[PDB]
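Working notes, structure below.
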Amino acid sequence: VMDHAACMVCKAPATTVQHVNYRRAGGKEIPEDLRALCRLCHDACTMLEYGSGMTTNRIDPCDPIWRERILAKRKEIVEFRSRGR
Amino acid sequence: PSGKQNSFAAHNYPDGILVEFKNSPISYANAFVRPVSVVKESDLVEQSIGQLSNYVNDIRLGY
Amino acid sequence: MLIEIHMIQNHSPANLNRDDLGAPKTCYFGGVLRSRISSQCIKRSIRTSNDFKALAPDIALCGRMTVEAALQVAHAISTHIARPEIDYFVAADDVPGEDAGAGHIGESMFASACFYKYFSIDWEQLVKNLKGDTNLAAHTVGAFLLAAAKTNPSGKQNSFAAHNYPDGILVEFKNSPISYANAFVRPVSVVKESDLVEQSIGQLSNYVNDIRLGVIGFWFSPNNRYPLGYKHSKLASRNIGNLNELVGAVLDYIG
Amino acid sequence: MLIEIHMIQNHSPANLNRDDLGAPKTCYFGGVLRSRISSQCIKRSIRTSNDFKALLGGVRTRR
Amino acid sequence: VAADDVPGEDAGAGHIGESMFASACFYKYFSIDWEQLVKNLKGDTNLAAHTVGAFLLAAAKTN
Amino acid sequence: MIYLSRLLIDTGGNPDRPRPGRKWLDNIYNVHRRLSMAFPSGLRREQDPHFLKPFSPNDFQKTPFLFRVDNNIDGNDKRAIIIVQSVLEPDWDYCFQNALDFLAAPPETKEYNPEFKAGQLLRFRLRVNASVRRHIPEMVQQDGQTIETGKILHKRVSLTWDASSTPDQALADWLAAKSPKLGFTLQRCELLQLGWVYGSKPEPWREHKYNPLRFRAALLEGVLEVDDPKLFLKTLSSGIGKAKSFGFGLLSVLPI
Amino acid sequence: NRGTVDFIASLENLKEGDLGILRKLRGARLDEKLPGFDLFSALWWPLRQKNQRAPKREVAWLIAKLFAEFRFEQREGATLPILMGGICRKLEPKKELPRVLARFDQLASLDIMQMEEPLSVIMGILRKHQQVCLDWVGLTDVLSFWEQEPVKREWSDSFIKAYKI
RNA sequence: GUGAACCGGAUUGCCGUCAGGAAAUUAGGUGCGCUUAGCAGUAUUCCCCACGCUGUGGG
Ligand SMILES: [Mg+2]
């Protein structure tokens, strides 16, 4: 709502959400550690956090340090995915 | 150490030395109680130095 | 009233206490074999030390020829199953001869363990044998905390430089003398996502979560490295990150 | 006055120290197996180091 | 998709699957030892020369 | 000294590659929001100069901005064209600093200035939604049989014409009727896009809702004449029809 | 256990090209290749949503890559230290048998992100002896439960009792 | 204060030293994704503010 259905890294129309930390999870979630993300960048984020040893604190799209390689990643999900469930 | 160095010529030099001057001996091996697992970013010496720096900061801000 | 100090100390591979045959001292608990440091070992390590040397102090803390010293320590029961190991050494002749090897060509014993160490002080009798010197008794209790925080058993340490520091100290002022050794009837199994000291402190936290259900507690970890209880529950009265402010809080509670 | 040296050293595949059966020395630390180098081996390598010929002055012999 | 010739049922196929393929520019490397070839044919030098020439022809003209 | 530029959209290439620009243009509110953010408030640039925060339109400023959606500069490349104008300085390096996949070529901007005279010919393209405010009988449920009440609903019906009239001179008569009010007079204009334009809108624990935005767009082109130069300066950057903020009011200043 | 049997069934229902793109992904992670991550998402995300007892990410990825490489049928009562261990009775006990035993012994001292290579050589030893069946479900729930000591204990003495028959 | 109180098992040490897993090998034979389509010749266009209700301030 406050993100206005807009992505946070590329400002595309958003359709899903992503978690920043798993200190609270399962059902107990409060809306200050969640980032509203679009379909094409949530997949990139999950592609990046799976084996980086991210433990609990996931990738934040709200700091400059973690962003510059997110675009380099999002370059090639467009490149190779078959659009055709 | 001169072990099997003729067959294993491992003469690598240390990447980090901390020389501290204090009246009480400190073992920083408790930094590595949790084993160091590799990740995609950084290397093992960087991860170990980060863990050691975390423990050094904790000891200085502790004892 | 009784001051109880439960210390969790992970020691690097060494041999702090030796029996007759050179093995690390070993006890039996939880239905498994544990590494043990004897009480008198820790007592003499805390005593006779310039870290602690800096009516008569330290005669009341550890007695000398019906003193009935206020401070006594329990045998350091490990939180996990003991893992004694053989180290094989040789001593070179370092003179060129037709043969090689000259020394004992023997074997030493060593073990690494996370010790639970129990300390108990009675305040009233510690004042009583100090002839009412309350300030001196507070200073010597602070000195006990300072020493036992940073003194290790001065056993075989020239070849095994084990100078690790405790990662957790729990100080309570409860009514009856209770040891939390029953917390570690489970030997600590190590998981991939947590370390040995965190699991031992968590076992302690899950055991003090009981007893109250069926007093206070000051918790010290260096810069809050290990919090007692990974929740917001009222389990530790004050999470303290530094040893000096821990000693200050304990002293201002006492007086 | 205590001088404390804490070094982090990454080594190539090697066998610097071995036990009776020719296996690298291993010790349990933090509940897991850790590769171990004996302190006597390091002391011997320091005493027989090239930075010690002008300083070596002791013989430990039975002959 | 393998299509059934007889329309005895609805417009199905038969067998459906994936074949995999690629296109590439390949670098091929061959090495012939002349003296080893001479020794192996017990000194028949003309046979070795014919073998070398036919190998050069067959490496190019046969896929 | 108006601010006329070009945003360039691919709308072509390999169909297998997901192209976010293609779904960016296939809705009104997406391009509306993206071009509305393209004039950020000045305090945000001092606070966050890197476009790296969850935005809020209250922090943004509001201006009657307007754009134009065209396409097809040929020469063996199908390409789509966005022509924007408003009154304040826009920024394109700030706007599309993470959206390089949106475009097919870097944007370009120059300085342009319009001039008008009395009785001078012009060439123009406009887009006005066909909107006629009418009282309608309500028609709901539609469960097998029609059900109406005496209430007359008020809305803007799309333009309809009699059966003995083609759409062409019907829209020509619309433009001829609207010309003397706005301040010009034409002799002929050509219809080349009559159709339907669809969109959706989100709005404020809350949820999100989808409703089909509806507009009967009419894009025309060709040969304009003016009656007075003073009746045209207040028309640019404001719009002449409806859906003004939605990109339906650009005056093509091409005097030829 | 639910969530694991259907994972094995969906892996067994995979076609040849999908197994090929899993085979090429062997030896590395899934952040450098798209179709590996798309396939892991397709085979994990709906089964993760549908069941609470879905396996952990990295062990599921490891079993997916190993099943793509080796392709043994799922059969109950055919876990690793039974099949290997019955294989360990037909070898020379003084030299060869300690070497294969150390190859199986290595498995008890890895974490989850290098574990696939010693498993690969063990399953290669299995393939060299024409072993068609493996308890894939058993292997994956004992591999996801790797954090405990009793599970490795019953693993080990299962190897022992397979050896002493 | 209870066969209890006071109470170290102390220190001296390189396993080391020799080593190619080596020679041999086509993954082949079989295969249509395919059958339907105006981005637009209109009859409610989802609306908040406003005209004697058909102009007017725009989401
Ligand atoms: Mg994005």
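Please note that chains go A, B, ... in the order of the structure tokens, that every chain numbers its residues from 1, and that ligands are numbered from 1 in the order shown.
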
Select from chain E everything DSSP, run on the backbone, classes as helix (DSSP H, G or I), then give the selection as a ChimeraX atom specification. /E:34-40,45-61

Let me have all residues with an atom within 9 Å of ligand 1, counting only C-alpha atoms (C1' of nucleotides) and all ligand atoms, laid out as an NGL selection string. (:A and (6-14 or 37-42 or 44 or 61 or 70-71 or 74)) or (:F and (98-99))

With only C-alpha atoms considered, list every residue of chain A at most 7 Å from chain F, as a PyMOL selection string. chain A and resi 1+3+8+10+62+78-83

Check: which chain B residues lie within 7 Å of chain A using only C-alpha atoms, as a PyMOL selection string: chain B and resi 39-41

Near residue 15 of chain H, within 10 Å and counting only C-alpha atoms (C1' of nucleotides), which residues show up once chain neighbours fewer than 4 positions away are dropped, as a PDB file with N, CA and C atoms, in the first residue's frame?
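Full text of out.pdb as output:
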ATOM      1  N   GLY B   3      57.998 -30.343   7.348  1.00  0.00           N
ATOM      2  CA  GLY B   3      57.349 -31.636   7.297  1.00  0.00           C
ATOM      3  C   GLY B   3      57.684 -32.345   6.007  1.00  0.00           C
TER       4      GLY B   3
ATOM      5  N   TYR C  88      51.532 -37.280  19.809  1.00  0.00           N
ATOM      6  CA  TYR C  88      52.794 -37.999  19.733  1.00  0.00           C
ATOM      7  C   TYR C  88      53.920 -37.008  19.478  1.00  0.00           C
ATOM      8  N   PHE C  89      54.925 -37.027  20.349  1.00  0.00           N
ATOM      9  CA  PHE C  89      56.060 -36.126  20.259  1.00  0.00           C
ATOM     10  C   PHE C  89      57.350 -36.921  20.135  1.00  0.00           C
ATOM     11  N   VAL C  90      58.333 -36.317  19.472  1.00  0.00           N
ATOM     12  CA  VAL C  90      59.712 -36.778  19.521  1.00  0.00           C
ATOM     13  C   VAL C  90      60.587 -35.571  19.816  1.00  0.00           C
ATOM     14  N   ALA C  91      61.759 -35.839  20.379  1.00  0.00           N
ATOM     15  CA  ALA C  91      62.733 -34.800  20.679  1.00  0.00           C
ATOM     16  C   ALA C  91      64.015 -35.118  19.927  1.00  0.00           C
ATOM     17  N   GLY C 101      66.349 -39.448  16.208  1.00  0.00           N
ATOM     18  CA  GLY C 101      65.480 -39.515  17.367  1.00  0.00           C
ATOM     19  C   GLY C 101      66.242 -39.798  18.645  1.00  0.00           C
ATOM     20  N   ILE C 105      60.195 -39.965  23.083  1.00  0.00           N
ATOM     21  CA  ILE C 105      59.439 -40.578  21.990  1.00  0.00           C
ATOM     22  C   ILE C 105      58.107 -41.089  22.532  1.00  0.00           C
TER      23      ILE C 105
ATOM     24  N   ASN D  17      52.705 -31.906   9.931  1.00  0.00           N
ATOM     25  CA  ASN D  17      52.846 -32.719  11.130  1.00  0.00           C
ATOM     26  C   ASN D  17      52.093 -34.025  10.951  1.00  0.00           C
ATOM     27  N   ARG D  18      52.689 -35.119  11.412  1.00  0.00           N
ATOM     28  CA  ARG D  18      52.031 -36.411  11.334  1.00  0.00           C
ATOM     29  C   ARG D  18      52.220 -37.183  12.630  1.00  0.00           C
ATOM     30  N   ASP D  19      51.266 -38.068  12.900  1.00  0.00           N
ATOM     31  CA  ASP D  19      51.272 -38.942  14.064  1.00  0.00           C
ATOM     32  C   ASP D  19      51.950 -40.262  13.688  1.00  0.00           C
ATOM     33  N   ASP D  20      51.727 -41.307  14.494  1.00  0.00           N
ATOM     34  CA  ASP D  20      52.336 -42.615  14.253  1.00  0.00           C
ATOM     35  C   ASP D  20      51.980 -43.172  12.881  1.00  0.00           C
ATOM     36  N   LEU D  21      50.717 -43.059  12.483  1.00  0.00           N
ATOM     37  CA  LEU D  21      50.230 -43.677  11.259  1.00  0.00           C
ATOM     38  C   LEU D  21      50.376 -42.779  10.039  1.00  0.00           C
ATOM     39  N   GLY D  22      51.129 -41.690  10.148  1.00  0.00           N
ATOM     40  CA  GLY D  22      51.313 -40.783   9.029  1.00  0.00           C
ATOM     41  C   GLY D  22      50.070 -40.024   8.619  1.00  0.00           C
TER      42      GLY D  22
END

All residues 6 Å or closer to residue 35 of chain C, only C-alpha atoms (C1' of nucleotides), same chain fewer than 4 positions away omitted, as an MDAnalysis selection string: chainID C and resid 26 78 82
